[PDB]
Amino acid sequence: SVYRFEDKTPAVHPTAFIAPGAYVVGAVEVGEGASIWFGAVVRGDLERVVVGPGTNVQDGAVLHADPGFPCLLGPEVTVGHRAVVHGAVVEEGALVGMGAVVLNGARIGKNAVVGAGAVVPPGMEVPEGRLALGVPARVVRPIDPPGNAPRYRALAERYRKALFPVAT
């Protein structure tokens, strides 16, 4: 569930969805309508992590932060399956593609897209409305704004209404 490390307690909005098997630990803030999915890990100890309103952190993703590099997810952000966002700033409407890695100090602009499996080097800026892909990542072109966040606001509310464990 939700874990207090020493005296650091996650602050989770009651409309947020924390899936079974997800771990929210320590200095973490999870906003209204946010969702953290199965097997995801959100840990804030040496530095804080913010999951803005309506931001979804999909299955197997990992959020963490280093001193001086807080992990700040803006509102209506999507962190795809198995992505790692570490000490970076992701602004409103952006998408971190599934399997991608965003490193410390990187900055994902509004409605920007980090391609699947791309590795964003430390400090790199992804401008607003642009697609960055590759290993290492590189700004390629303008890209249409992702629509994953409204999908996951609604999918999360359905999960909050009808999720039941069943034994076999």
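Note that residue numbering begins at 1 and tracks the sequence as displayed.
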Residue stretch of maximal mean CA temperature factor, 60-68 vs 136-144
136-144
Looking only at CA atoms, which has the higher mean B factor in the entry: 124-132 or 33-41?
124-132
Using the temperature factors of the C-alpha atoms in this entry, rank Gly109 within its chain: lowest, middle or highest third.
highest
Using the temperature factors of the C-alpha atoms in this entry, rank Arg153 within its chain: lowest, middle or highest third.
middle
Using the temperature factors of the C-alpha atoms in this entry, rank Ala19 within its chain: lowest, middle or highest third.
middle
Pull the Cα B-factor of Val101 out of the PDB entry and bin it into the chain's lowest, middle or highest third.
lowest
Looking at the entry's B-factor column for C-alpha atoms only, identify whether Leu46 ranks in the lowest, middle or highest third of its chain.
highest
